[PDB]
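Here the structure is laid out as structure tokens; the discussion comes afterwards.
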Amino acid sequence: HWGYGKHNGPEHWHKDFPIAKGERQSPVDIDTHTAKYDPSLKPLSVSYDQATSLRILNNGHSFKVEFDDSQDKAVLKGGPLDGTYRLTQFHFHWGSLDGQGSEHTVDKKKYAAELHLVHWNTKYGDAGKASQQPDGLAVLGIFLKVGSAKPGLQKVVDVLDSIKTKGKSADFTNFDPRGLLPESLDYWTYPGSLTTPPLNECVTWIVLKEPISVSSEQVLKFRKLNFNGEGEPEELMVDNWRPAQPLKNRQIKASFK
Ligand SMILES: CCCSc1c(F)c(F)c(S(N)(=O)=O)c(F)c1F
Ligand SMILES: CCCSc1c(F)c(F)c(S(N)(=O)=O)c(F)c1F
Ligand SMILES: [Zn+2]
């Protein structure tokens, strides 16, 4: 199985998923000085008022909150996107210590963690079929820095003890993902990929400029999770991030400055 260790981590993924060495892999370093301000980009429209979270689970590579995406309830549009994308899940990537954890970097800076709110293009009817298309998914990426607590994250942090090992899950209703957003929706965008196997090149990335702050106690709880299933050797779930990949011919566009 793929993972993040020395023997099954990012440098090994290309042997099962050759698109790892593709032309539009993610994440990337965002060079804020070469990114092109595009005055034609729209404001992002984040419409999460009717979101319905359902469950939270530890899948062995992160923890994920899944939403009811069977109706048009929590949708992303505007910005660089054509059409309408529906929120299906969010998850995080984070480090073994505060100076690393994010997948995207900004001028080579790593953040403590990165939140991925994952949406699929409604013209493809559902998430799996969307992941097979070059404009199938839109992932809103938000950086986490350690400082003051994010009140809206606490409901997530407080349930993680119940999903410590791979395969555990719990009901998780009435979680409002609006409480995980920073004030500004200024963003960078570029065409890329899933950052884990199968690494499909199906993602329009929209990475917010403004990080959210979370507390040390909040991120500490992420680090208590385990990659392993209950009954296997204990390997804390930390450093579940893919390093920056070559930008190749791509431009990163900015909605601002
Ligand atoms: C302890 C030995 C691990 S076996 C293995 C592996 F090495 C990989 F690199 C992969 S990969 N190419 O998906 O990382 C894999 F799926 C594996 F099962
Ligand atoms: C087939 C799509 C389901 S798999 C998946 C995913 F949904 C992501 F959001 C990501 S991410 N980490 O790019 O947001 C990912 F890497 C995945 F592999
Ligand atoms: Zn992710």
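Each chain of the structure tokens is named A, B, ... in the order shown, its residues numbered from 1; ligands are numbered from 1 in display order.
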> Can I get the residues close to ligand 1 as a list in words, where close means within 10 Å and we count only C-alpha atoms and all ligand atoms?
Replying inline: residues 1, 2, 3, 4, 5, 6, 7, 8, 9, 10, 11, 12, 13, 14, 15, 16, 17, 18, 20, 196, 197 and 198 of chain A
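Neighbouring residues of segment 38-51 of chain A at 8 Å or closer, counting only C-alpha atoms and skipping chain neighbours under 2 positions away, are residues 36, 53, 67, 68, 73, 74, 75, 76, 77, 78, 79, 80, 176, 177, 178, 185, 186, 253, 254, 255 and 256 of chain A.
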> ligand 2: which residues are within 10 Å, counting only C-alpha atoms and all ligand atoms, as an MDAnalysis selection string?
Replying inline: chainID A and resid 25:27 61:62 64 88:93 103 114:120 127:132 136:141 192:205 240:242
If you keep C-alpha atoms, can you produce a file of those selected residues as an mmCIF file, in the first residue's frame?
```
data_model
loop_
_atom_site.group_PDB
_atom_site.id
_atom_site.type_symbol
_atom_site.label_atom_id
_atom_site.label_comp_id
_atom_site.auth_asym_id
_atom_site.auth_seq_id
_atom_site.Cartn_x
_atom_site.Cartn_y
_atom_site.Cartn_z
ATOM 1 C CA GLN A 25 1.126 17.397 -10.752
ATOM 2 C CA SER A 26 0.321 18.958 -7.389
ATOM 3 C CA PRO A 27 1.198 20.449 -5.044
ATOM 4 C CA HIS A 61 -3.812 8.719 5.108
ATOM 5 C CA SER A 62 -5.827 11.564 6.643
ATOM 6 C CA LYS A 64 -12.017 13.126 6.161
ATOM 7 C CA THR A 88 -18.149 16.334 -1.135
ATOM 8 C CA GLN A 89 -15.534 16.181 1.644
ATOM 9 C CA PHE A 90 -12.698 17.974 3.389
ATOM 10 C CA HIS A 91 -9.505 16.609 4.878
ATOM 11 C CA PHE A 92 -6.132 17.911 6.024
ATOM 12 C CA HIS A 93 -2.421 17.331 5.583
ATOM 13 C CA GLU A 103 1.522 20.505 0.547
ATOM 14 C CA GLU A 114 -3.278 22.476 4.791
ATOM 15 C CA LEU A 115 -7.055 22.017 4.545
ATOM 16 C CA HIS A 116 -8.531 20.678 1.281
ATOM 17 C CA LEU A 117 -12.202 21.320 0.644
ATOM 18 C CA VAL A 118 -12.952 19.025 -2.302
ATOM 19 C CA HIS A 119 -15.667 19.771 -4.811
ATOM 20 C CA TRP A 120 -16.763 17.997 -8.005
ATOM 21 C CA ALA A 127 -17.338 12.664 -7.520
ATOM 22 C CA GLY A 128 -15.842 9.440 -8.923
ATOM 23 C CA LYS A 129 -16.737 10.151 -12.508
ATOM 24 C CA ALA A 130 -15.592 13.747 -12.056
ATOM 25 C CA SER A 131 -12.177 12.528 -10.897
ATOM 26 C CA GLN A 132 -11.721 10.985 -14.354
ATOM 27 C CA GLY A 136 -13.542 17.255 -12.722
ATOM 28 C CA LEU A 137 -12.609 18.670 -9.311
ATOM 29 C CA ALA A 138 -11.979 22.017 -7.671
ATOM 30 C CA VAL A 139 -10.028 21.854 -4.424
ATOM 31 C CA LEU A 140 -10.045 24.903 -2.191
ATOM 32 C CA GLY A 141 -6.754 24.826 -0.280
ATOM 33 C CA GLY A 192 -3.104 20.345 -11.186
ATOM 34 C CA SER A 193 -3.735 16.967 -9.696
ATOM 35 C CA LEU A 194 -4.770 14.921 -6.728
ATOM 36 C CA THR A 195 -1.867 15.090 -4.248
ATOM 37 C CA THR A 196 -2.176 11.435 -3.284
ATOM 38 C CA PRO A 197 -2.533 8.303 -5.416
ATOM 39 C CA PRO A 198 -4.146 7.924 -7.843
ATOM 40 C CA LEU A 199 -2.669 11.394 -8.656
ATOM 41 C CA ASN A 200 -5.207 12.039 -11.386
ATOM 42 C CA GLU A 201 -4.743 15.343 -13.248
ATOM 43 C CA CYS A 202 -8.323 16.404 -12.602
ATOM 44 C CA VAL A 203 -8.042 19.366 -10.196
ATOM 45 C CA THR A 204 -8.416 23.084 -10.583
ATOM 46 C CA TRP A 205 -6.556 24.267 -7.506
ATOM 47 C CA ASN A 240 1.065 13.126 5.390
ATOM 48 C CA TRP A 241 2.013 15.724 2.755
ATOM 49 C CA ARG A 242 3.459 15.402 -0.751
#
```
>> DSSP on the backbone: which residues in segment 11-257 of chain A end up as strand (DSSP E or B)? Give the answer as a PyMOL selection string.
In response: chain A and resi 29-30+36-37+44-47+53-58+63-67+75-78+84-94+105-106+109+113-121+137-146+169-171+187-192+203-208+212-214+226+236+253-254
> What are the DSSP alpha helix (DSSP H) residues of segment 6-201 of chain A, as a PyMOL selection string?
Replying inline: chain A and resi 127-130+154-157
Could the residues in this selection be written to a file with N, CA, C and O atoms, as a short mmCIF file (atom, residue, chain, number, x, y, z; two decimals), in the first residue's frame?
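Result written to part21.cif:
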```cif
data_model
loop_
_atom_site.label_atom_id
_atom_site.label_comp_id
_atom_site.auth_asym_id
_atom_site.auth_seq_id
_atom_site.Cartn_x
_atom_site.Cartn_y
_atom_site.Cartn_z
N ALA A 127 -18.72 12.37 -7.86
CA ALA A 127 -17.34 12.66 -7.52
C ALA A 127 -16.40 11.69 -8.26
O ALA A 127 -15.37 12.12 -8.76
N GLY A 128 -16.79 10.41 -8.39
CA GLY A 128 -15.84 9.44 -8.92
C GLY A 128 -15.69 9.68 -10.42
O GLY A 128 -14.56 9.70 -10.96
N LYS A 129 -16.82 9.88 -11.08
CA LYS A 129 -16.74 10.15 -12.51
C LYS A 129 -16.06 11.50 -12.75
O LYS A 129 -15.31 11.64 -13.71
N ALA A 130 -16.26 12.47 -11.85
CA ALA A 130 -15.59 13.75 -12.06
C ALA A 130 -14.06 13.59 -11.97
O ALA A 130 -13.33 14.28 -12.69
N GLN A 154 -12.88 23.42 16.36
CA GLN A 154 -12.87 22.67 17.59
C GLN A 154 -13.77 21.44 17.54
O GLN A 154 -13.40 20.42 18.11
N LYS A 155 -14.93 21.50 16.87
CA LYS A 155 -15.82 20.39 16.88
C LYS A 155 -15.14 19.18 16.20
O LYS A 155 -15.38 18.04 16.59
N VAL A 156 -14.31 19.45 15.15
CA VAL A 156 -13.55 18.40 14.52
C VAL A 156 -12.49 17.84 15.47
O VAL A 156 -12.38 16.64 15.68
N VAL A 157 -11.68 18.70 16.07
CA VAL A 157 -10.57 18.28 16.92
C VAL A 157 -11.08 17.38 18.04
O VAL A 157 -10.46 16.37 18.42
#
```
>> If I take atom CA of residue 187 of chain A and atom CA of residue 249 of chain A, how far is one from the other in Å, to one decimal?
In response: 20.1 Å
>> Measuring between only C-alpha atoms and all ligand atoms, which one of A:22, A:101, A:233, A:179 shows the shortest distance to ligand 3?
In response: A:101
>> Using only C-alpha atoms, which protein or nucleic acid residues come within 8 Å of residue 122 of chain A? Drop anything in the same chain fewer than 5 positions from it, and give the result as a list in words.
In response: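 Residues meeting the cut-off are residues 83, 84, 85 and 86 of chain A.
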> With only C-alpha atoms and all ligand atoms as the basis for distance, which of A:165, A:121, A:133, A:102 is at the shortest distance from ligand 3?
Replying inline: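 Among A:165, A:121, A:133, A:102, it is A:102 that comes nearest to ligand 3.
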> Pick the closest to ligand 3 from A:142, A:214, A:35, A:252: which is it, counting only C-alpha atoms and all ligand atoms?
Replying inline: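 The shortest atom-to-atom distance to ligand 3 comes from A:142.
Interatomic distance, atom CA of residue 113 of chain A against atom CA of residue 95 of chain A: 6.5 Å.
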At a cut-off of 8 Å, using only C-alpha atoms, what residues contact segment 216-227 of chain A? Leave out same-chain residues fewer than 6 positions from it and give the result as a PDB file with N, CA, C and O atoms, in the first residue's frame.
```
ATOM      1  N   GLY A  60      -6.530   6.144   6.939  1.00  0.00           N
ATOM      2  CA  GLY A  60      -5.183   5.614   6.894  1.00  0.00           C
ATOM      3  C   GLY A  60      -4.199   6.598   6.288  1.00  0.00           C
ATOM      4  O   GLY A  60      -2.970   6.389   6.380  1.00  0.00           O
ATOM      5  N   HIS A  61      -4.697   7.693   5.668  1.00  0.00           N
ATOM      6  CA  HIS A  61      -3.812   8.719   5.108  1.00  0.00           C
ATOM      7  C   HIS A  61      -4.158  10.137   5.548  1.00  0.00           C
ATOM      8  O   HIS A  61      -3.342  11.059   5.386  1.00  0.00           O
ATOM      9  N   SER A  62      -5.383  10.308   6.072  1.00  0.00           N
ATOM     10  CA  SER A  62      -5.827  11.564   6.643  1.00  0.00           C
ATOM     11  C   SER A  62      -7.070  11.221   7.482  1.00  0.00           C
ATOM     12  O   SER A  62      -7.462  10.065   7.608  1.00  0.00           O
ATOM     13  N   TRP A  94      -0.778  17.436   7.382  1.00  0.00           N
ATOM     14  CA  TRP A  94      -0.116  18.160   8.444  1.00  0.00           C
ATOM     15  C   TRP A  94       1.226  17.483   8.772  1.00  0.00           C
ATOM     16  O   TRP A  94       1.576  16.425   8.216  1.00  0.00           O
ATOM     17  N   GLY A  95       1.992  18.153   9.608  1.00  0.00           N
ATOM     18  CA  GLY A  95       3.367  17.783   9.867  1.00  0.00           C
ATOM     19  C   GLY A  95       3.579  17.121  11.225  1.00  0.00           C
ATOM     20  O   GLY A  95       2.698  17.041  12.097  1.00  0.00           O
ATOM     21  N   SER A  96       4.813  16.683  11.436  1.00  0.00           N
ATOM     22  CA  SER A  96       5.250  16.151  12.717  1.00  0.00           C
ATOM     23  C   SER A  96       5.684  17.262  13.660  1.00  0.00           C
ATOM     24  O   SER A  96       5.913  16.980  14.841  1.00  0.00           O
ATOM     25  N   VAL A 146       0.153  28.042  13.123  1.00  0.00           N
ATOM     26  CA  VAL A 146      -0.107  27.797  14.533  1.00  0.00           C
ATOM     27  C   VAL A 146      -0.017  29.133  15.263  1.00  0.00           C
ATOM     28  O   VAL A 146       0.999  29.864  15.184  1.00  0.00           O
ATOM     29  N   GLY A 147      -1.078  29.464  15.987  1.00  0.00           N
ATOM     30  CA  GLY A 147      -1.110  30.694  16.740  1.00  0.00           C
ATOM     31  C   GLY A 147      -2.363  30.687  17.588  1.00  0.00           C
ATOM     32  O   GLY A 147      -2.542  29.804  18.410  1.00  0.00           O
ATOM     33  N   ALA A 149      -6.315  29.900  18.380  1.00  0.00           N
ATOM     34  CA  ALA A 149      -7.192  28.801  18.004  1.00  0.00           C
ATOM     35  C   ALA A 149      -8.211  29.244  16.951  1.00  0.00           C
ATOM     36  O   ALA A 149      -8.562  30.408  16.853  1.00  0.00           O
ATOM     37  N   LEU A 153     -12.869  25.069  14.163  1.00  0.00           N
ATOM     38  CA  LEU A 153     -12.236  23.760  14.029  1.00  0.00           C
ATOM     39  C   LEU A 153     -12.469  22.844  15.217  1.00  0.00           C
ATOM     40  O   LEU A 153     -12.236  21.633  15.167  1.00  0.00           O
ATOM     41  N   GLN A 154     -12.879  23.423  16.360  1.00  0.00           N
ATOM     42  CA  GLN A 154     -12.867  22.670  17.592  1.00  0.00           C
ATOM     43  C   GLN A 154     -13.769  21.444  17.539  1.00  0.00           C
ATOM     44  O   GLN A 154     -13.397  20.420  18.108  1.00  0.00           O
ATOM     45  N   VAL A 157     -11.682  18.700  16.070  1.00  0.00           N
ATOM     46  CA  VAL A 157     -10.569  18.283  16.923  1.00  0.00           C
ATOM     47  C   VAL A 157     -11.082  17.384  18.037  1.00  0.00           C
ATOM     48  O   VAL A 157     -10.458  16.374  18.422  1.00  0.00           O
ATOM     49  N   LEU A 160     -11.615  13.580  17.275  1.00  0.00           N
ATOM     50  CA  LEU A 160     -10.574  12.764  16.664  1.00  0.00           C
ATOM     51  C   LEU A 160     -10.210  11.569  17.554  1.00  0.00           C
ATOM     52  O   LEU A 160      -9.749  10.536  17.042  1.00  0.00           O
ATOM     53  N   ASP A 161     -10.322  11.675  18.871  1.00  0.00           N
ATOM     54  CA  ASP A 161     -10.006  10.539  19.744  1.00  0.00           C
ATOM     55  C   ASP A 161     -10.864   9.319  19.393  1.00  0.00           C
ATOM     56  O   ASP A 161     -10.473   8.198  19.756  1.00  0.00           O
ATOM     57  N   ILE A 163     -11.673   8.331  16.360  1.00  0.00           N
ATOM     58  CA  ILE A 163     -11.302   7.745  15.070  1.00  0.00           C
ATOM     59  C   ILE A 163      -9.784   7.588  14.986  1.00  0.00           C
ATOM     60  O   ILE A 163      -9.150   7.920  13.980  1.00  0.00           O
ATOM     61  N   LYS A 164      -9.169   7.093  16.072  1.00  0.00           N
ATOM     62  CA  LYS A 164      -7.737   7.141  16.162  1.00  0.00           C
ATOM     63  C   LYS A 164      -7.052   6.322  15.063  1.00  0.00           C
ATOM     64  O   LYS A 164      -6.027   6.739  14.549  1.00  0.00           O
ATOM     65  N   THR A 165      -7.625   5.154  14.698  1.00  0.00           N
ATOM     66  CA  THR A 165      -6.870   4.261  13.809  1.00  0.00           C
ATOM     67  C   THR A 165      -7.610   4.112  12.488  1.00  0.00           C
ATOM     68  O   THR A 165      -8.801   4.410  12.362  1.00  0.00           O
ATOM     69  N   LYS A 166      -6.832   3.643  11.508  1.00  0.00           N
ATOM     70  CA  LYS A 166      -7.321   3.470  10.163  1.00  0.00           C
ATOM     71  C   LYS A 166      -8.566   2.630  10.190  1.00  0.00           C
ATOM     72  O   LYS A 166      -8.608   1.519  10.771  1.00  0.00           O
ATOM     73  N   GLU A 234       2.207   0.930  15.949  1.00  0.00           N
ATOM     74  CA  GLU A 234       1.751   2.296  16.045  1.00  0.00           C
ATOM     75  C   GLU A 234       2.677   3.229  15.252  1.00  0.00           C
ATOM     76  O   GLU A 234       3.853   3.431  15.595  1.00  0.00           O
ATOM     77  N   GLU A 235       2.107   3.917  14.259  1.00  0.00           N
ATOM     78  CA  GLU A 235       2.823   4.924  13.486  1.00  0.00           C
ATOM     79  C   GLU A 235       1.944   6.166  13.460  1.00  0.00           C
ATOM     80  O   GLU A 235       0.841   6.136  12.888  1.00  0.00           O
ATOM     81  N   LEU A 236       2.345   7.213  14.208  1.00  0.00           N
ATOM     82  CA  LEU A 236       1.500   8.386  14.275  1.00  0.00           C
ATOM     83  C   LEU A 236       1.294   8.896  12.850  1.00  0.00           C
ATOM     84  O   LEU A 236       2.180   8.935  11.994  1.00  0.00           O
ATOM     85  N   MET A 237       0.054   9.348  12.622  1.00  0.00           N
ATOM     86  CA  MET A 237      -0.311  10.004  11.370  1.00  0.00           C
ATOM     87  C   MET A 237       0.202  11.448  11.364  1.00  0.00           C
ATOM     88  O   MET A 237      -0.436  12.347  11.905  1.00  0.00           O
ATOM     89  N   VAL A 238       1.432  11.614  10.876  1.00  0.00           N
ATOM     90  CA  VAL A 238       2.104  12.908  10.740  1.00  0.00           C
ATOM     91  C   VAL A 238       2.876  12.908   9.435  1.00  0.00           C
ATOM     92  O   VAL A 238       3.210  11.837   8.919  1.00  0.00           O
TER      93      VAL A 238
END
```
